[PDB]
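These notes concern the structure reproduced below.
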Amino acid sequence: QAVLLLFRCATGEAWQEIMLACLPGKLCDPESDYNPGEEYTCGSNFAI
Amino acid sequence: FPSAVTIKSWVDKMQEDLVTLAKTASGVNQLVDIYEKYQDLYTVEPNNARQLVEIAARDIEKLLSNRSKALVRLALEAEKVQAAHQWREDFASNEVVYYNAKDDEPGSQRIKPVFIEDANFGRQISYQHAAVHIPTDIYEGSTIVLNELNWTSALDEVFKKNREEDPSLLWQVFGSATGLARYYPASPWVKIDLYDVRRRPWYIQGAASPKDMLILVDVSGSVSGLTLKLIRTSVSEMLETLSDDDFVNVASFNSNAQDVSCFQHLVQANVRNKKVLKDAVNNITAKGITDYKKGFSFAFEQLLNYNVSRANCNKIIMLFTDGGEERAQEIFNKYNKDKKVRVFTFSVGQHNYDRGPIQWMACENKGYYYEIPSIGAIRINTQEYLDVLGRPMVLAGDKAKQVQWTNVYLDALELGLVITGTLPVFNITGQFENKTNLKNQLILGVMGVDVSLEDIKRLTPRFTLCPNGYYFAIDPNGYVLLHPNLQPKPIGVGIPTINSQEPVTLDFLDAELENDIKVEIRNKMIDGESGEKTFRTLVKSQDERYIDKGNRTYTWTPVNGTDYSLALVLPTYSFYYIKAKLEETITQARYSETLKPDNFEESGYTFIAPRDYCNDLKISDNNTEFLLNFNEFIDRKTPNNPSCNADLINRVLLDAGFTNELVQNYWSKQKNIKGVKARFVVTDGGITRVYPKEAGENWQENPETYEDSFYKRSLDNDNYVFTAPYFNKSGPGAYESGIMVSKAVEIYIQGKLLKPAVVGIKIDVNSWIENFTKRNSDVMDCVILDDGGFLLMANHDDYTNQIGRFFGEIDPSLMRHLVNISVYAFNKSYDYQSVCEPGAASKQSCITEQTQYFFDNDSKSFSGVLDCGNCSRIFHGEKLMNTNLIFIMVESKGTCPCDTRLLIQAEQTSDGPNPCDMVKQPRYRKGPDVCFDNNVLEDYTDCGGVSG
Amino acid sequence: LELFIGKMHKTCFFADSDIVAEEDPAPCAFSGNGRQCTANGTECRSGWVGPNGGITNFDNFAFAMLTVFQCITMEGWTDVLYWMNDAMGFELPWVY
Amino acid sequence: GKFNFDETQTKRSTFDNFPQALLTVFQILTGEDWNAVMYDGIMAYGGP
Ligand SMILES: *[C@@H]1O[C@H](CO)[C@@H](O[C@@H]2O[C@H](CO)[C@@H](O[C@@H]3O[C@H](CO)[C@@H](O[C@@H]4O[C@H](CO)[C@@H](O)[C@H](O)[C@H]4NC(C)=O)[C@H](O)[C@H]3NC(C)=O)[C@H](O)[C@H]2NC(C)=O)[C@H](O)[C@H]1NC(C)=O
Ligand SMILES: *[C@@H]1O[C@H](CO)[C@@H](O[C@@H]2O[C@H](CO)[C@@H](O[C@@H]3O[C@H](CO)[C@@H](O)[C@H](O)[C@H]3NC(C)=O)[C@H](O)[C@H]2NC(C)=O)[C@H](O)[C@H]1NC(C)=O
Ligand SMILES: *[C@@H]1O[C@H](CO)[C@@H](O[C@@H]2O[C@H](CO)[C@@H](O)[C@H](O)[C@H]2NC(C)=O)[C@H](O)[C@H]1NC(C)=O
Ligand SMILES: *[C@@H]1O[C@H](CO)[C@@H](O[C@@H]2O[C@H](CO)[C@@H](O)[C@H](O)[C@H]2NC(C)=O)[C@H](O)[C@H]1NC(C)=O
Ligand SMILES: *[C@@H]1O[C@H](CO)[C@@H](O[C@@H]2O[C@H](CO)[C@@H](O)[C@H](O)[C@H]2NC(C)=O)[C@H](O)[C@H]1NC(C)=O
Ligand SMILES: C(=C\c1ccccc1)/CN1CCN(C(c2ccccc2)c2ccccc2)CC1
Ligand SMILES: *[C@@H]1O[C@H](CO)[C@@H](O)[C@H](O)[C@H]1NC(C)=O
Ligand SMILES: [Ca+2]
Ligand SMILES: [Ca+2]
């Protein structure tokens, strides 16, 4: 799936909209383990 | 087929069997003797119709004067307090303290009140302060809102001061032009919230005067797409700001101007008419080129009609378009040179067309220019035109401050049917030296005090009148402010098809059965003149199944503090009433002892009318327990009764003895009678007595005697009345209850006719069959019908199984021919407040058409032949004497196999009457005499351009 | 055409109704292999026009040729890929 | 003027006048969202 996303960006489909969706202020699934309360901390500024 | 003589004698035997059984078992003459036996426990008092109406009209005028005084005392403070306001622009330090409804703060502090529950209010309230309502689309904490939120805090003290003299005061509300509404007493607001105080009918009438609106809709090609959807929505949401005093019409133009509907001239814009225009608006398509000269020429011609009824007031043209390069200045210089017609122009949609000519059109003609880019701006831009129309009224001054009253409508805070007073509030800042005059020509808001219809009903007592007598007040427009047929439900229009904000405006001719004489009475009341008329009227029964004709007397006078007119309907035999006089201690204890639930085995099952005997005895709607509270109050209270009226308690106690003395002396001797299942006595005092305890469990009638359909019907008739049971397995009662027969007693005290009670029995159907037989023949059919064409005694077993059914649903061929030969007349009428199950294109309100059948000809013997296809069917019709029954014999339907359409007598959903032809000959009405428009001192220099 | 004809015709409406539940509908599983709507009170039946109003689909030769030409110009090809992922599954469409 | 069929929104890439036609043709040449304008033009003539 990551390789498919990278191919999508390589063809330049909506790469800027993918980039805008990886910023720090994002929700991530409860399946991953994290401290309760801080739920929107996942996501990084290095996406740009 | 037996001869006429042999069938006349056959029915002669049975009419003696039925009458004698009801005469003796019920004991009609025994009750008459009991009333005449004493003649000293009560006195006969006259019932002067002329005196009653003036007294009742004086109380309504006085009641509406307390609220009028509570409004001028409330609007004067608002004008003075606001003129002293300083317009602070920073509330972070001096926060505003207020209670905001619909809740559990940058520049405000919230209040948590106490919220005590009380009576005369369906909800929990608090007299400590006043709640504030702010619309969802209005941000609290803005400078405009916060400044208004300060100077209105001075209304709290005058809210309390108003309520101290009159503790019976309902909601007092101030609707500001900023959007917020502050009402007293504080109470929580009532899904999302869409209430805006500026769009309420009580706010709109005080904002401006009646108007002759005329909406011009651009249906050229350029408006196709999204901007047509907004035009149709803006027009629909703008007709919602038109009351019954405003006349509107809608036109469209695309190289040719035409009406969008069936009206062709200005119509009254009531609930029904506005539905037609609204339906016709969501049908228009965009096509063609734009022609403004033809559109405006057609619009200016309808405003100058003067043949039809109009408002003779504000004349305004509304232009819903997008943009163009045509100014049409040659038309405005021809049709309105004196600027007697305002032109408001709306530019709707997202576009780049020239709005210059649209802006210029609204500036020369004292109008205003509005922008509606999206749906969010539709609701607010379609109500700001009342700021322009209120300009001449502000400059009038003290002569424009007149209290007005709305149409009857349902209160927003779930209070029931109410009417609201109205009085505008003006800017006064700088008026002492008369130097500002810039924003001073726009109203601050509207003041209002609610009056409930139950408040008015307490000023017109009806328990000294006959159950057929009632008060009914009218309106200039003809609608009823007070009527027994007015229900707390919205009036329906059309048919509800699926794939409360409107007022309850019920016309007088729609409340009861229309008549040529009654139209004259309605017109004489509208123009405000007293009078009186006695005439024969045919009256619909309480249950919409029978029609009976009896003499009535209408007495009306105008309530000439306000513009209402009060009338009192009063039949004959009710100009006198039984007034109870009794102060002896032991004669009331014995009478009250008859009300004990324990000894029903010796006095019969007893019901009590839930009247307001005393203020501390709450109505229960149970009667099983309510009687327990009533009689336990009698022995636990001093018989002097200083807090509640003895007149309403002396009557019920006096009727308690009379009903019991019939049971003990007469009914007790005959424990069981072959043809009798129950015996009941219903009196004017308000009690019912069913002798058998077991048979007293089947009494499904209303405990209140004034609401009993058979009681009211038996007074009009001078003979035994047979009431057919219901059908469709509507609970129990078909065989185990019986057939109800009633006969009102008539007493002559001093040459005066009086009908204080009714008596009757319940004839068992199974034992009546045995008498009737002395059977299931395939070649002959014999049925008995009452006044209304309902089966009461059949012959074919299966026919008897479907007892109490309309004859047209079991033998349509015979019933239709009966109507033609003039034995069963019928009169159709509409019910505008009804709820019906919707069909295809829970439940919704709708109009349902009612049909009632009754005896047309006085003649008793009928005969003839009906032809239903190559066959000859003969029948004989004889009517029972001293009874509303008719016996019909005809040979069975098997001989002639024909079956036409069924004739239904039921609450059938309809959409009529047609509104396209009612506007051709509308009912008479009188418009308001106040007309505030075309003032020379008006500025109107801010057309649409200073704002952008 | 050979692999898939008329697979993008099943969006999840409301129960016992004819109105699409979502504002941007996507196909269900054709045979219970792709995507299933699990919204409270939703079910899907073959009575949907298509993703782009019926313009983008593989149920005709002209429609298939238009879709192929649209995808070969690297314009909206991922949209068709994801719609076929919703319809069929996650194994066949990515190769095509 | 045939791009007024949606009735729910206003479309920016149209052929309403000469400047907008030039902008839309340039956008089609660059290849960005040319299929969206093609769909709009197809639905302007009735549909699929
Ligand atoms: C009854 O009438 C009186 C006067 O006839 C009226 O009081 C007047 O209220 C206005 C506010 O609308 C005051 O205007 C002052 O001057 C300007 C004009 O708005 C304001 O400055 C900015 O104005 C822009 C609009 O152009 C506005 O968007 C912005 O928020 C304002 N503030 C900024 C940019 O900081 C002033 O703030 C405003 N107030 C001052 C200077 O204190 C008039 O001064 C008022 N006139 C008098 C004599 O007091 C009153 O509102 C009317 N009643 C009601 C209910 O509206
Ligand atoms: C708009 O809001 C203003 C502030 O929220 C109100 O102004 C304040 O009103 C208080 C009481 O009315 C004043 O308190 C007293 O004022 C009198 C002068 O009349 C003096 O004795 C003192 O200043 C003071 N007394 C005390 C504190 O014991 C405030 O002075 C006054 N101003 C402020 C707080 O800045 C306005 O009343 C209000 N407008 C309306 C119409 O209610
Ligand atoms: C309506 O107003 C009139 C007068 O304004 C009231 O007429 C009174 O009628 C009685 C008897 O007919 C006279 O004794 C009074 O003298 C009249 N009043 C005056 C001022 O002359 C009439 O009562 C008012 N309507 C009601 C319902 O009270
Ligand atoms: C009613 O309106 C019409 C036109 O809107 C007025 O014009 C007259 O119409 C009647 C026939 O309908 C005729 O007398 C003439 O054809 C018209 N002119 C004149 C001078 O009468 C009409 O005056 C209005 N009023 C009435 C009572 O018809
Ligand atoms: C109620 O019913 C009566 C009886 O059918 C109707 O009035 C009759 O109308 C016919 C023709 O329309 C006349 O020939 C009769 O003379 C009328 N009888 C009357 C006036 O007593 C009509 O449907 C209703 N009448 C009302 C409401 O007054
Ligand atoms: C699309 C290629 C593509 C781009 C991003 C992502 C995926 C494919 C096709 N072509 C379209 C035209 N463009 C260029 C272009 C550059 C060189 C030669 C021809 C065209 C263009 C378009 C309009 C105006 C100036 C320049 C170059 C690419
Ligand atoms: C209010 O109206 C009543 C009549 O309904 C009247 O008796 C009374 O004087 C009026 N005023 C007050 C303050 O009660
Ligand atoms: Ca792209
Ligand atoms: Ca145009």
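Just so we're on the same page: first chain in the structure tokens is A, next is B, and so on; residues restart at 1 for each chain, and ligands are numbered from 1 in the order they show up.
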Per residue of chain D within 6 Å of ligand 6, what are the shortest atom pair and its distance in Å to one decimal, counting only C-alpha atoms and all ligand atoms, with rows by chain and residue number, as a tab-separated table?
residue	atom	partner	partner_atom_place_in_ligand_line	distance
D:29	CA	ligand 6	23 (C)	5.0
D:30	CA	ligand 6	22 (C)	3.8
D:31	CA	ligand 6	11 (C)	5.3
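For ligand 8, the protein and nucleic acid residues at most 7 Å away, judged by only C-alpha atoms and all ligand atoms, amount to residues 12, 13 and 14 of chain A; 74, 75 and 76 of chain C; 31, 32 and 33 of chain D.
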Selection from above, N, CA and C atoms, as a PDB file, in the first residue's frame, can you write it?
ATOM      1  N   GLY A  12       2.055  11.891  -9.913  1.00  0.00           N
ATOM      2  CA  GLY A  12       1.571  13.212  -9.571  1.00  0.00           C
ATOM      3  C   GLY A  12       0.066  13.322  -9.635  1.00  0.00           C
ATOM      4  N   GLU A  13      -0.641  12.450  -8.918  1.00  0.00           N
ATOM      5  CA  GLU A  13      -2.102  12.465  -8.978  1.00  0.00           C
ATOM      6  C   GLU A  13      -2.682  13.529  -8.051  1.00  0.00           C
ATOM      7  N   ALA A  14      -2.462  13.380  -6.748  1.00  0.00           N
ATOM      8  CA  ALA A  14      -2.882  14.370  -5.762  1.00  0.00           C
ATOM      9  C   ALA A  14      -1.864  14.454  -4.636  1.00  0.00           C
TER      10      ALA A  14
ATOM     11  N   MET C  74      -2.820   9.554 -17.267  1.00  0.00           N
ATOM     12  CA  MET C  74      -2.556   9.807 -15.853  1.00  0.00           C
ATOM     13  C   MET C  74      -3.468  10.867 -15.252  1.00  0.00           C
ATOM     14  N   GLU C  75      -4.753  10.745 -15.548  1.00  0.00           N
ATOM     15  CA  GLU C  75      -5.790  11.655 -15.074  1.00  0.00           C
ATOM     16  C   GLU C  75      -6.934  10.840 -14.494  1.00  0.00           C
ATOM     17  N   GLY C  76      -7.082  10.888 -13.174  1.00  0.00           N
ATOM     18  CA  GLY C  76      -8.158  10.172 -12.523  1.00  0.00           C
ATOM     19  C   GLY C  76      -8.080   8.669 -12.633  1.00  0.00           C
TER      20      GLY C  76
ATOM     21  N   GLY D  31      -3.599  19.432 -18.925  1.00  0.00           N
ATOM     22  CA  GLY D  31      -3.999  18.102 -18.540  1.00  0.00           C
ATOM     23  C   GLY D  31      -4.583  17.984 -17.155  1.00  0.00           C
ATOM     24  N   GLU D  32      -4.571  19.051 -16.365  1.00  0.00           N
ATOM     25  CA  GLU D  32      -5.074  18.971 -15.003  1.00  0.00           C
ATOM     26  C   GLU D  32      -6.596  19.037 -15.007  1.00  0.00           C
ATOM     27  N   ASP D  33      -7.232  17.942 -14.591  1.00  0.00           N
ATOM     28  CA  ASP D  33      -8.686  17.862 -14.451  1.00  0.00           C
ATOM     29  C   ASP D  33      -9.408  18.093 -15.774  1.00  0.00           C
TER      30      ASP D  33
END
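With the cut-off set to 10 Å and only C-alpha atoms and all ligand atoms counted, the residues surrounding ligand 4 are residues 301, 302, 304, 305, 306, 307 and 308 of chain B.
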#### Entry: Residues within 7 Å of ligand 9, counting only C-alpha atoms and all ligand atoms, as a ChimeraX atom specification
/B:220-223,289-290,323-324
### Task
Please give me, as a PyMOL selection string, the residues lying within 10 Å of ligand 5 when counting only C-alpha atoms and all ligand atoms.
chain B and resi 512-518+536-539+547+549+819+822+824-829+852-857
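Selection of all polymer residues within 7 Å of ligand 3 on the basis of only C-alpha atoms and all ligand atoms gives residues 54, 57, 58, 557, 558, 559 and 560 of chain B.
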